[PDB]
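First up is the structure itself, then whatever we jot down about it.
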Ligand SMILES: Cc1ccc(-c2cc(C(=O)O)c3nc(NCc4ccccc4)[nH]c3c2)c(Cl)c1
Ligand SMILES: [Zn+2]
């Protein structure tokens with residue numbers, strides 16, 4: 161029954177208008193940061209990933225936790241795959263020559279000046295209270314007492330996607346081969362890794384908005400009441416389930432390695448698995464949500480969740496997340512699934 165799930169989604173939809181007040185605080189902070197960085201020798205080509213978006217909201221339950229990405233175009237960029245990990249690379253070749267450790271581009275040396283300039287500007291204006299938190306790659310600010318913003322620096326490359334993505338983004342049977350070709354013409358991004372190296376991880380997070388806003392096999396999906404689907408609602412419930420489970424056990428360390436990214440990745444694998452819009456009918460919200468929960472548990476038990484763009488990078492590998500952590504999450508979700516999800520009728 162979709163009765164409980166809709167009420168959860170209705171409760172979630174209410175706190176959306178709280179974001180409008182908090183986001184405005186975030187814009188003023190990052191508008192001041194972008195102008196201070198743009199007149200630095202290394203960060204002349206800095207800017208937001210999306211010119212007006214200004215954020216991404218990882219916490220679908222807490223409207224006070226934002227995630228912001230700054231971009232920096234690195235032209236004539238040469239990448240070396242680090243030990244066949246398929247996702248971590250060295251950047252070698260200039261405004262960025264001050265961070266060169268010989269041939270390769272140092273991530274922590276670029277993060278040092280980036281964190282330094284922000285640290286100096288955060289205190290400089292301080293017409294509104296912004297507090298810097300140091301702890305790994307993200308420069309985490311806190312506006313007033315509630316709002317927290319994660320600022321991530323990313324390198325932008327407008328060349329072809331690296332070979333490891335050749336069989337990724339398997340959307341041909343769902344969104345068509347024409348759309349996959351158009352998406353792969355868009356740039357790709359590299360973010361600091363933070370074992371240990373001066374390597375960068377391939378990032379394709381900017382592709383999520385492109386697909387979430389155009390998500391059906393039918394081009395008119397969710398444009399009229401006759402073909403309203405529940406794809407977005409299922410993703411929201413999947414993200415909220417993990418956030419509640421991570422909140423419920425915040426005094427332990429078992430669920431610290433799982434994020435909405437894993438929940439996103441498994442969901443889009445389900446979208447590949449179920450390409451027809453009829454498989455996502457709104458009347459079947461409870462059933463479709465179960466398909467997502469089932470697949471994610473199958474991933475947890477099998478210790479396998481492929482990067483959606485890099486099929487050879489296992490997000491659930493033992494190097495990344497240990498077996499006891501994945502078994503702990505498996506038990507909690509299976510318990511919630513058997514019990515009609517008690518984490519949903521509370522907060
Ligand atoms: C079709 C498609 C399109 C895009 C994506 C996608 C790719 C990446 C990536 O890094 O490649 C990525 N990262 C993130 N971070 C979110 C986060 C930030 C802070 C804390 C916790 C989570 N969300 C992402 C989504 C996927 Cl899974 C499917
Ligand atoms: Zn739809």
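Numbering (PDB author numbering), first residue to last: 161 to 253, 260 to 301, 305 to 363, 370 to 522.
No residue lacks a Cβ here, since even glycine has one placed at the ideal position from N, Cα and C.
Residue i in three-state terms, based on DSSP
i, result
"residue 461", "helix"
"residue 474", "helix"
"residue 250", "strand"
"residue 373", "coil"
"residue 518", "helix"
"residue 274", "helix"
"residue 206", "strand"
"residue 344", "helix"
"residue 489", "strand"
"residue 509", "helix"
"residue 336", "coil"
"residue 430", "coil"
"residue 197", "helix"
"residue 398", "coil"
"residue 165", "helix"
"residue 417", "helix"
"residue 262", "coil"
"residue 391", "coil"
"residue 279", "helix"
"residue 424", "coil"
"residue 449", "coil"
"residue 435", "helix"
"residue 245", "coil"
"residue 180", "helix"
"residue 441", "helix"
"residue 501", "helix"
"residue 285", "helix"
7 Å Cβ shell around residue i - same chain, five flanking residues per side excluded
i, result
"residue 457", "403, 404, 405"
"residue 374", "242, 248, 249, 250, 362"
"residue 472", "505, 508, 509"
"residue 352", "338, 382, 385"
"residue 350", "none"
"residue 267", "373"
"residue 464", "165, 409, 412"
"residue 417", "433, 435, 438"
"residue 261", "201, 202, 204"
"residue 197", "203, 206, 283"
"residue 275", "265"
"residue 501", "475, 478, 491"
"residue 219", "225, 418"
"residue 330", "353, 357"
"residue 173", "none"
Bridge partners - residue i, DSSP secondary structure assignment
i, result
"residue 227", "216, 319"
"residue 496", "BP columns for residue 496 are empty, so no partner."
"residue 296", "312"
"residue 456", "404"
"residue 358", "325, 378"
"residue 481", "489"
"residue 240", "250"
"residue 267", "270"
"residue 232", "206, 324"
Counted within 10 angstroms of its Cβ, other Cβ atoms place residue i as buried (16 or more) or exposed
i, result
"residue 291", "exposed"
"residue 313", "exposed"
"residue 246", "buried"
"residue 286", "exposed"
"residue 184", "exposed"
"residue 435", "buried"
"residue 448", "exposed"
"residue 307", "buried"
"residue 229", "buried"
"residue 440", "buried"
"residue 161", "exposed"
"residue 365", "Gap in the chain between 363 and 370; residue 365 lies inside it and carries no coordinates."
"residue 515", "exposed"
"residue 273", "buried"
"residue 397", "buried"
"residue 212", "exposed"
"residue 346", "exposed"
Contacts around residue i, its chain only, beta-carbon distance under 6 Å, and the 5 residues preceding and following it disregarded
i, result
"residue 377", "247"
"residue 216", "227"
"residue 483", "440, 443"
"residue 503", "429"
"residue 322", "230, 280"
"residue 168", "519"
"residue 424", "430"
"residue 365", "Within the gap of the chain, which runs from 363 to 370, lies residue 365, and it has no coordinates in the structure."
Own chain residues within Cβ distance below 8 Å of residue i, not counting five before or after
i, result
"residue 485", "246, 247, 333, 334, 337, 377"
"residue 495", "432, 489"
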